[PDB]
Structures are given as structure tokens and as C-alpha cells.
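What follows is one structure encoded as C-alpha cells, with my remarks underneath.
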Amino acid sequence: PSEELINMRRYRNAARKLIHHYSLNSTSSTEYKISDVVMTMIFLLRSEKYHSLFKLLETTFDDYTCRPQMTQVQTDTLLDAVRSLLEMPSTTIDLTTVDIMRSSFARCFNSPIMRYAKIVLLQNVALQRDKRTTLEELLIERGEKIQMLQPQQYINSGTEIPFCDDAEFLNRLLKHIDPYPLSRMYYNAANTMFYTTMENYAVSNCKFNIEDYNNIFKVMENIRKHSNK
Amino acid sequence: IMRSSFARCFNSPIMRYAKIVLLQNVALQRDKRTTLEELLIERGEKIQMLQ
Amino acid sequence: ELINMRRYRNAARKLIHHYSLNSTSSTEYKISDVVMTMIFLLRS
Amino acid sequence: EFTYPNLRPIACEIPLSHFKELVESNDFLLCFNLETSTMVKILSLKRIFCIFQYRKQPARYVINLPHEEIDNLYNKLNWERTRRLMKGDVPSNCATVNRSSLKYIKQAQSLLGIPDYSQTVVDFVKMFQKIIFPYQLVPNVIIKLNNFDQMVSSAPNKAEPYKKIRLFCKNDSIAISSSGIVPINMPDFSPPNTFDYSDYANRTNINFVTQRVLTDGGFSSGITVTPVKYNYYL
Amino acid sequence: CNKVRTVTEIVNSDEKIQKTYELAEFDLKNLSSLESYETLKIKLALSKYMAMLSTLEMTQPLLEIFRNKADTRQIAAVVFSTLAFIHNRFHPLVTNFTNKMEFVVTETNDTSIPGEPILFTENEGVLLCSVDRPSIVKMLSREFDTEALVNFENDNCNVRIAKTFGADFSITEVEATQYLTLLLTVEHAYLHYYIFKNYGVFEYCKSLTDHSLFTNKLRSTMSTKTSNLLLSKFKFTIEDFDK
């Protein structure tokens, strides 16, 4: 009958939504409820399972940038429990994402501000380096070793094009495909690629990622003016 | 009193992330307009439909 | 156990006194301390 | 039965219309009219099977029907035969699952060499019989049998793998379960045992080994492992 | 004001009648007729591409392919066919080009690269290309997607309300949705590839620092047919940059 006993299902699902958001960056939502955050915490405390994660997060409460020392076996159990709680199909969730999530809360608590915060702190301070480098240097250093690497296949590379001609088959396919609001849907994939733009790196990540990324779409204005000469 | 104060406290959106508003018109009369001549070039397909 | 009863009670008492009396928003207070407040209540 | 897709057209109801033809030939086509009472269908089929069992050679059924309801009626026949056996002669009567089994065995033959696409199942059955005892363990064929029947099996009807086979042979002091050797007349596995003590099958150890293996193999995906477990005997 | 007016008149001024109308809502019908069949065309194209992929002995779902790393052959073939499709869609004409091309998988982070997951080395003696299988697998880790959504609309009575009143491999759609990812990726690569194949390397100092003005070079370059920017309002919040 306790205050804990009310809705473990609610607490679980809400917490999972929040966590899946912060980690996989999955999907648009009005993802927020302070009370549900607290529910998440207490849902951790109510299991000895995930106690480790709770303790980790608690370390954040003093906001300081430091990354905690690994203890290998316990970190492995950490990964285990994390994947279990996410119920993801063996999706190779990893220490990097772990740390990012960790730092997520030490970002959030910084604000005592309650009205609202559009702020999207895309960057993470704590990424285990003295100072962010440029990109160009990285480009050099990578390309160097890159040229070393030997080819991995032989394209026969002669005259080849594939096609198929079963018009009725293709139209059957079309009708199978018909219902889906692809227009609405594919925005998700576009956002996926965007988030991937930052997932790319956790190592002196490119500070600027903005205006050129918009010029990508301004290519649309370029195209429209090309069409209209 | 502080009950109601907590009620006002706990609505406080946080930590949102990038989202996009791709929906709107692209074109209008402020764009190239189809011509009956090229529509003739199209419809001439009926001179193969025939039968 | 992990719980610093000392600092938890300290911050909770201070925050509750302040906020309950003032009945108004205060930018001073990290929400963390609210979290600690409910934790303390659930323990005690 | 046999199915090719010469034939004797046998009227699907009248017994003596083809009398003595059922003595002479072995290749019997069958039919039915749309209105027929299922009871009448069962009755006629029973009569045909009795007279065939009196016949001196295994003639071949062929039937021109959608046959899904015929598999249903076969299940009915199973009930019927059990009903008889409540008072019966305990005949070694032959019977078979007719679709799931069927296709499976067809695939089996196809993957093997097919000297006779018409070869009877019992052929393969006995062929494995030749070798079971020397290896004292259960063929996967027989295991999939009593697995993929709707009812007399692991039974997707009710999801009942619990029907594990205890298999015994003359003079044995022991039996072969679905799950290895067992001592006689006992419930398939002791709740106590020389248990799979977690100092083996420690997650940690498993994980480490797995990492080793994946590293060495250069394999990104598709590997899972599980420690073995033991019943009465080791 | 476009409040079109109209008149009939009998011979010899026997009678004259007037009426009026508006070109409004005609525009709405035109817009609907456009967008409908345009979307149809795009969907059709996608379908064609997917069907073309379907020929390639798909004993496995796509996801499996990249989730494995042991193979390279299937991956290379997929990449190649994608390039071919793009090229043809720009060039309604069959092509086979420099008959020597090869790929290498950037199997490790230390070989990884910011942004562009694909890199053409246009001629190290001959063309070569790079593939980040680990990332591609990240992208295809998917689950970002669920169709249950809501979308921008405004001023519906004028703008949208009219739109209220109009209308084995048996695989589901989510995977197909995922394909669009690599479609866009290979497109973005094709841009740079085409450019440099038509011009020098040094402009990489610009384009690959920031693609940006490259559209200026693309002026007069596009074949008078668009690609894959229908919902042209792709944008996010900007002023928040707080530089």
C-alpha cells in the first residue's frame, strides 16, 4: 500500500522513454516531467539491480566535470544492466553512450530555471581531452593512414546494369506500399541522419555544424532558381 | 499554499532538442506554368494508344 | 548506504523553510536539492 | 496414399459399383459431391480402409478435394480410433499426420538424394531404427515428430513440449529421455543434483570467453553461447 | 482583387446580363492536383529502386547484411548499384564508365571521419572509395521511427480545410523507410564525386570544409530536373546558437 507501490508500470515506461530519448535520440516528443524524473530515481532505488547506475548518477550531483574511474567488472555489469533495462535487442550499447547519458543529467541539473529552456546543449564539455582540436588536422592525420589501406575487393567493373521487368509484380508492390504517409514519416529518418552528424564523433567534435548544414537545404533555393533560370 | 506552489513548480520543460518544420508550400504561380503546347507533346501518346 | 543523511536533511530543511515561506520562484535552488528532498522523505 | 501431381476412377460412395475392381487394381481415385454429410464421408472412408486392409497389397489412395477439412476429418478418425481402443484390439494401426509432417519429410528427401520421391516414410523410420540403439540417443527426425503435430506433439494446439519422450528397450536398466539417459521409472530430472553451480556459468566468465572468441573470429554478429546442463546422470 | 466579372449580351442589345466569380479555390484544386501526383511520382521512383534491389539474392534482410562485418562483397555491390541508380536518374541513358573501381571498409574509429561517411579518392592511379560500416550500422540501428505523429498546418479554413474533403518478401514498410537514409547519404556523396570528377581537387578545400556555395558552381549544371527536396522547409532553430 506504500507510496512506492502505486504505478511501477508508469514509472518504468516513463523512465524508459526518457532514457531512450537521451541515449538513442530516437524520436520527437514533449519529453518532460520533473516528477517523472524523480520517479525514475526512486524506481532505481527500489531495485538493487540498477543500484550501481543510481550511485553513478548520484556522483553527478556535485556537477563537477570529472569522469569516474572505471572498475572493469562492475562497469561490465553496468553495461549488462543498462541493456537489460533498455530491453533493446543486443543493440551493442556502449561505454561512449553510457558516458554521454551520465553527462546528460549533470547538464540538466545545472539549470535551476523553471519556466522553460529551448537550449539544446548539443556539445558535451567532458569528452576526455585537454582542448578541442580543429577538424582540418584530423582530416590530414586520418587521410594519411587511409591512403595506406589496400583494396578489399575486385569490382569486375565491366559493362553491367541490373534491371527487372515484371510490371505486374512492381505494381503489386506499389499497392502494398500505398497506405504509408511517407511524407510525414521520412522526417524521422532525416532527423536520424542529423543526429548521426553528431554521433559521428565524441572527440574534439566539430564545434560549428550549423550554417553549412542549412546551406544544404538552401541548395533547394539554388535548384528553384535554376529551374526558373 | 505551498501545495499549490509545488503544483506551479513542477511544470518546467527541459533539455529539448532539434526539431524541424519542413511542411509548407514550395511553389505557386511564382513558378513555371505548364503550356498547352507541351501538353500536346504529351497527349500525342493517344496517336499510339489508337486501337 | 549511499545517503548522506546530514547534507540531505540540511539542504531539505533550508530549502523547505525558504520556499514554503516565500511561496514564489527562486533561481537560487538547483533542482537536485528537490530530488534529495523527496529521497529524504521516502527514507524517513 | 499416393499423389502424382493408370488411374482407376472410383465413385466416392457406392461400394459395389467398383467391386472386384478394388480387388484387381491398386490406384484408386476418389471424389465427393458438394452436399455430402461429413458423417457419410467418414463412413465411406472407413469402409474403404477396412476393405483395403483386407486387400493383399497396399493400393494407393488419390483424392480430389481441398483436403484441409480432410485433415480435420483425420483428426476425427484419431478420436474414433481412441474410442475403439477404449475396448479395442490394440492394433498396431498405421496412421500419419498428413500435411505438416508430409511437407517436412518431402523437404528431408529433397535435401537428401531422391532415389524415389515416392519412398514411404516408414522406410526412413526403420532406417534410423537400425542405428538408434547403438548411439543410445534420439534421432532428430523422431524428435520433430511428436513436435510439429498440432496435437500429438509439442502441439502448437496448446504449446506442450512437456510431452517429452521416455524411450526404453528390452532388458535395459536405463532409458533415453528427450534430454539424455535417465534411470528407470522416475520423473525425468531430479530437482536436486550436482547442480550447474554458478561458479561455472558465471556470466562474467561466459562474457570473457565470448569476447576472446569474437575477437579471434573477427565476427561482428550472430554468436550466442549457453552452458550445458545435466539431468539425473552426468 | 480578382473578383472576376462576366457578361452576356444578345444581338441588337436586346438583353445584357452580368455575373461574377472568383479564381479562389481553383488555385487550391491546382495545388492539390500538383502535390498528389508529384508525391505519387516520387513514391513510384522509390518503389522502382527497391524492386531493383530485390533482384540481388536477398536470402537475408538488409539489416543483417551490415550487422555482419565478415562480408564485403554484398556491401560493395549494394553501394555500386546505388551509385548507378543515382547516375541514371540524372542521365536518362544507360552508362558504364571507367571500368576499374574499388572499395575499402573503414572498419575502425581510428579510420573514421567527421560527417561524410563516404570518401572518393578520385584517382590514386585509379578511383577508390571508403565505407564506414560501423557508422552505417549505427544509422540503421534505427528505432528513431514511429509514424504516429503530428505536423505543421495553419489557416486551415483558407489553406487546408478544402484539403479535408478529398481522397515471399511480403515485408513491412519501416525497413523501406530506412532505405531513404542511404539514398540521401549516397546522394550527398554523389554531389562531391560528380564535382571533383568534373573539376579539380583544390576546390575540396572549400566544399569539404563547407559545401556551402558549391551550389553556385552547380548553377547551369543541374539537368532541369529536381532531386529529393520536396518538403523544402527543412530547418531547425538557429538564433539559439548563442555563439
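Every residue, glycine as well, gets a Cβ built from its backbone with ideal geometry; the counts of neighbours run over all protein chains shown. All of the numbers you see were taken from the coordinates with simple rules; none came from a lab.
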If we take the range D:113-220, then helices (runs of 4 or more DSSP H) inside it with 3 or more residues that are out of contact with any strand residue (DSSP E or B) (no Cβ under 7 Å at 6 or more places or on another chain) and over 30 Å from A:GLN74 (Cα atoms) are D:121-135, D:140-144
Within the range E:93-117, residues more than 7 Å from chain A (Cβ to nearest Cβ) and either over 30 Å from A:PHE208 (Cβ atoms) or surrounded by 13 or more Cβ atoms within 10 Å (Cβ to Cβ) (or both) come out as E:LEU93, E:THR95, E:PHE97, E:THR98, E:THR106, E:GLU107, E:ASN109, E:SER112, E:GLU116, E:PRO117
Checked B:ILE47, B:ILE14 against criteria (β-branched (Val, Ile, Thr) and surrounded by 10 or more Cβ atoms within 10 Å (Cβ to Cβ)); the one match is B:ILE14
Taking the range E:55-89 and keeping residues aliphatic (A, V, I, L, M), part of a helix (DSSP H, G or I) and within 14 Å of chain D (Cβ to nearest Cβ) leaves E:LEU62, E:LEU63, E:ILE65, E:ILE75
Checklist entry - Is there a residue in the range A:211-227 that is more than 32 Å from the chain's Cα centre (by Cα), surrounded by 13 or more Cβ atoms within 10 Å (Cβ to Cβ), more than 20 Å from B:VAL21 (Cα to Cα) and facing chain E (nearest Cβ under 8 Å)? => result yes
Restricting attention to the range E:160-177, the residues that are surrounded by 14 or more Cβ atoms within 10 Å (Cβ to Cβ) and within 12 Å of chain A (Cβ to nearest Cβ) number exactly 6
Going through the range E:118-129 in order, the residues found to be within 8 Å of chain A (Cβ to nearest Cβ), of a type outside the set (D, E, K, R) and over 18 Å from A:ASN156 (Cα atoms) are E:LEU119, E:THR121
Expected single match for within 21 Å of the chain's Cα centre (by Cα) and within 14 Å of chain B (Cβ to nearest Cβ) among E:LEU140, E:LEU180 is E:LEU180
Looking for something of a type outside the set (A, V, I, L, M) and more than 14 Å from chain B (Cβ to nearest Cβ) - is there at least one such residue anywhere in the range C:14-27? yes
Taking the range E:128-179 and keeping only residues that are assigned to a loop (DSSP other than H, G, I, E, B), under 22 Å from B:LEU23 (Cα atoms) and β-branched (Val, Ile, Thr), one is left with E:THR146, E:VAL150
If we take the range D:7-90, then helices (runs of 4 or more DSSP H) inside it with 1 or more residues that are aromatic (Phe, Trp, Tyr) and surrounded by 13 or more Cβ atoms within 10 Å (Cβ to Cβ) are D:38-54, D:68-85
| query | Regarding E:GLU203, is this residue over 17 Å from the mean Cα position of the chain (by Cα), at the interface with chain A (Cβ under 8 Å from one of its Cβ atoms) and of a type outside the set (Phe, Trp, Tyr)? | reply | no
Scanning the range B:28-44 residue by residue, those surrounded by fewer than 11 Cβ atoms within 10 Å (Cβ to Cβ) and more than 14 Å from chain E (Cβ to nearest Cβ) turn out to be B:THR35, B:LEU36, B:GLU37, B:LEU40, B:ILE41, B:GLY44
